[PDB]
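Have a look below at one chain only, the form solved without (1R)-1-phenylethanol (SS2), in structure tokens format.
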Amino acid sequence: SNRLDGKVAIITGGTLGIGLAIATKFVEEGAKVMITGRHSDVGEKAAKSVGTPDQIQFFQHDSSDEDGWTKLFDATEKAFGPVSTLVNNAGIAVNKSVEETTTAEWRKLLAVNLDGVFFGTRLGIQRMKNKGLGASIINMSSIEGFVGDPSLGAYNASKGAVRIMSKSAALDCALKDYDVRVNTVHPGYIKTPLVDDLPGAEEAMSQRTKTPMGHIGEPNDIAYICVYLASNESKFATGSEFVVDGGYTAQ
């Protein structure tokens, strides 16, 4: 409690799954939060299920939309005050090998997973620098930003891109005394509704040859590391990768 007092956060794709868990924990720890998503009926219900409008609101936004990012920041500033924290969580996956990836699939996945993160990071630096906010940008990568998967070619590309681009941002902000930190979070397999809609997926992911703990994680596992990174507790951490994967990348 109170670990995020005074912070104002934007969480993209925060209406379901991991994003929603992060939003929930952020509000519990004193942050004011704006969550984004594509469908207003879902977003408005999600916000209300967490708290009141003085605590959390919803903004309809596709992270691939460059102009919408501006409106998103202006809207959050109008509701809560200067933004201190950005969690770039929205993302999509295609289940194809590099060999079988269509150009259309390639471009659509990179629009959300890479362009989107770039647009949010760029703008976040511009709006949060030099304001004494103890600002923090948390970019969601994945274990797929460390290792390959034969059936996630484009996704691998996007997550590898986010991992290193984030280091460039971290360094520039640090060297210029911007008071903005940038770090990546790398979840392993996490139980989300999606996973539940895919019979046999959880069991395959839980095999010891994949996840040594023999079970997959839950959204709160990612929420707690995000609280640490958004908080002033992590004031000396920037340009780093934080992995929560049940041992997946240790073998």
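Numbering starts at 1 and follows the sequence shown.
Although not depicted, the form solved in complex with (1R)-1-phenylethanol (SS2) is the subject of the following passage.
Placing (1R)-1-phenylethanol (SS2) by C-alpha superposition of the site, using its position in the deposited complex, leaves the pocket open: no ligand atom lies within 2.4 Å of backbone or C-beta atoms here. With (1R)-1-phenylethanol (SS2) omitted here, the record of contacts in the deposited complex names 149 to 157 of 126 to 134, 76 to 84, 162 to 170, 149 to 157, defined by a heavy atom within 4.5 Å. Proximity of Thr103 to (1R)-1-phenylethanol (SS2) in the deposited complex falls outside the 4.5 Å heavy atom cutoff.
The closest non-hydrogen atom of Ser97 lies beyond 4.5 Å of (1R)-1-phenylethanol (SS2) in the deposited complex.
(1R)-1-phenylethanol (SS2) is not drawn, but in the deposited complex it has no heavy atom within 4.5 Å of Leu110. In the deposited complex, (1R)-1-phenylethanol (SS2) sits beyond 4.5 Å of every heavy atom of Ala174.
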